[PDB]
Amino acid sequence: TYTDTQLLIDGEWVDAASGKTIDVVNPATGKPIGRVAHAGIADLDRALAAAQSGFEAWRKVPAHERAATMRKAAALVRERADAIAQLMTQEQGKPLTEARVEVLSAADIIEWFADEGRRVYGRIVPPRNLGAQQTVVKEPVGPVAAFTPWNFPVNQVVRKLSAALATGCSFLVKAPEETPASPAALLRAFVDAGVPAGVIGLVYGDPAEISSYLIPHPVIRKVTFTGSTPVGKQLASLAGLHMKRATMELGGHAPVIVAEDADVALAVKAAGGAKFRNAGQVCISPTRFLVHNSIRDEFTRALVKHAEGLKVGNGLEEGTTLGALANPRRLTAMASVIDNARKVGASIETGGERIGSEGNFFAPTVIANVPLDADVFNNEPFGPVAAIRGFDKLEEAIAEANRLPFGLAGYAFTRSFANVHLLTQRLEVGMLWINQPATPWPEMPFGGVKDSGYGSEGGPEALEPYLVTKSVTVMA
């Protein structure tokens, strides 16, 4: 079973006024599975009016009641994990097992943020005149416009949504048209748990028309976007033209520094498993594997065997560990990346081709002998491709790791305290994981530097983009 998806406006699942829809396809087969409403300006207007009202209601609900309502929604998400996972796999491609992991980690996210909303603390400042009380109070910024991508349909919504609700803002999101049902189910849990009419809204349609209307509108006080660097720059540019608060999680290009002293088997297992997660369609996916020359050959061979062990297929079939890529553009993007690697003299150690003629299946691929000018070492591939290059000195791996304008995630494998410390200071990334894969828990900051954007989506720092800070000084 796969369901058609509607807009959520003012507590009501509704069609667009025009009645227009967009078709949704299963990327494992290319076959239509359902449809989603395509919003016009008139539905956005109704959504903006409701977000204004929702904001006025939700800001007045004490943090401990907001928190309990969020926790109920999380319990519902958790109760419905199987059904939501099933929707997600059909629209997006990832294996059922990975979809369930994402839905459960959404529940965990909502819960931590629920509790953090109760710890949005002001402060009292020792005063220069004891007749006066000097305070700093924190309040919600106002209605949020959010724009989220298809690669983790639920999780890319839930951090933003959980942050907005915990601070007491209202929230209007344009979820992905290619993966609409799983996020709509996430929103439905919040409605079912008691979040009032107007506090949350959900639209789909033409992304550029929606973001062009929403971002400049006087109801919206904060914009949040997760996506590509080039669309991020257009949106941050418009947000600045209209003096809106904005945060952005954009491309990454994660380096992986496997040092001379690394546990090599651990590196292959950790960084290899993390590469093929969601078929590499992850903003923090390990991409540029910088491997000390003493162990490069051993690493490369073991990474190749890891890729060869993956079972490619429809994400509903058990045994599947690597599903369809999410859409046909991702297939074309992979061929372009592979063609360019071969042209510039790199070696395809395994994979490198489409599998079959139906759906978006690409083989897990490992590329070695990669020169610095290959597309795979410069543009974010966002697909099931690891690129390996050797180095002799740790300092040259670190310079390579910082060479690109991306800087989101970084990985390393090493045993010495001095190398940890050096990597910690020197690597230009938002997030660094050593001797393990990415474990991006809600309590941990999650955000970029440079072209990867700005603003955190974890920790207490995740509430700051949704808050205004007010200095209040009262003389008795």
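Heads up: residue numbers just count along the shown sequence, starting at 1.
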- Item | Comparing 2 to 10 with 467 to 475, the one whose average Cα B-factor in the PDB entry is higher | 2 to 10
- Quick one: higher average CA temperature factor, 281 to 289 or 349 to 357? 349 to 357
- Query: Among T226, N314, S182, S162, where is the Cα temperature factor highest, going by the PDB entry?
  - Reply: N314
- Message: Just to confirm, going by the entry's C-alpha B-factors, which of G201, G319, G93, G131 comes out highest?
- Response: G319
- Of the three thirds of Cα B-factor ranks in this chain, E308 occupies the highest
- Query: Should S452 be placed in the lowest, middle or highest third of its chain by the C-alpha B factor in the entry?
  - Reply: lowest
- Query: Mind checking which third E56 falls in for C-alpha B-factor across the chain?
  - Reply: highest
- Determine, from the deposited record, the chain-internal third of the Cα B-factor for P62: lowest, middle or highest. middle
- Please rank the C-alpha B-factors of the chain's modelled residues and tell me whether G430 sits in the lowest, middle or highest third. lowest
